[PDB]
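Report on the structure given below.
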Amino acid sequence: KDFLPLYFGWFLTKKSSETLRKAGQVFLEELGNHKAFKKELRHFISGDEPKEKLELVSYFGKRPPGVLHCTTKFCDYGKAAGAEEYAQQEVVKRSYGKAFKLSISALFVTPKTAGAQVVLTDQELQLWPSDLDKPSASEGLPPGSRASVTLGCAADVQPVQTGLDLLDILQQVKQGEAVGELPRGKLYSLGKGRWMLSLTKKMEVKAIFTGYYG
Ligand SMILES: Nc1ncnc2c1ncn2[C@@H]1O[C@H](CO)[C@H]2OP(=O)(O)O[C@H]21
Ligand SMILES: [Cl-]
């Protein structure tokens, strides 16, 4: 009669998390100042905003307060569908507490979330859930495409939206030239307020697989 974690995932170390967090911040500051982005503001925000400049760091005001993480399976202590099934797996139990490296291939921004795209290894993909209830946007994409790290959310958006935004982006990119060059890579405008920075060099972040309890 033991209950599960709120969710399973890879939790970044202090050092790796700050490295990614900082890169995310720089991206928001650079994107917000980029002429291509400014030009499309009316596709990013939809209201009485002045033509003046939008600071994305402020826009994505809801940020993780501490270390960052890549969620694998949200369990809600066993109440989520597929939770018990996921937790019972040998590979989950065996991997519990193990160290991993996550490959970050891109940073992205939408009107709802700012995040980082994670490219899971085959070993890490074994820890990705295979549920009966799937996000419709995951269909047609490689397993684990949803893998991401939440860097920030718009005021009325929940962190879960980040992975869903990535799936939408990946559905979209499944490409035209980049519309800009930032120091860390090429900048793509995917439309509908969506932006992806494709990192010239993938970031590697160290993380531990474990379970979070609220
Ligand atoms: N229904 C869900 N499916 C997948 N991930 C979820 C779900 N609900 C919440 N999360 C994620 O679990 C964490 C606790 O809220 C948090 O980390 P995240 O991956 O940034 O989005 C959230
Ligand atoms: Cl919303």
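By convention here, the first residue in the shown sequence is residue 1. Note that ligands are numbered from 1 as they come in the structure, with each ligand's atoms numbered from 1 the same way. When reading the values below, keep in mind they use all heavy atoms of this one structure, side chains included, and skip hydrogens, waters and symmetry mates.
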Could you tell me, atom by atom, which parts of ligand 1 come under 4.0 Å of a heavy atom of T71? 12 (O), 17 (O), 18 (P), 19 (O)

To the nearest 0.1 Å, how far is atom 2 (C) of ligand 1 from its closest protein heavy atom, and which atom is that? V160 CG2, 3.6 Å

Hey, are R21 and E18 close enough for a salt bridge, meaning a charged N less than 4.0 Å from a carboxylate O? yes

Inspect the contact between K186 and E181 and indicate whether a charged nitrogen and a carboxylate oxygen are less than 4.0 angstrom apart. yes

Show the atoms of ligand 1 that are less than 4.0 angstrom away from any heavy atom in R146. 3 (N), 4 (C)

Salt-bridge criterion met for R194 and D165 (N-O under 4.0 Å): no

So, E40 and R42, do they make that salt bridge, N to O below 4.0 Å? no

Determine the interplanar angle of the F209 and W10 rings, folded into 0 to 90°, and report it as parallel if under 30°, tilted if 30 to 60°, perpendicular if over 60°. tilted

The atoms of ligand 1 lying under 4.0 Å from a heavy atom of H69, numbered in the order shown, are 16 (C), 17 (O), 18 (P)

So, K73 and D131, do they make that salt bridge, N to O below 4.0 Å? yes

Under 3.5 Å between some N or O of ligand 1 and some N or O of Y7? no

Judged on heavy-atom distance to atom 20 (O) of ligand 1, which of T150, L164, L6 sits nearest? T150

Polar contact flag for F74 and ligand 1 (N/O pairs, less than 3.5 Å): no

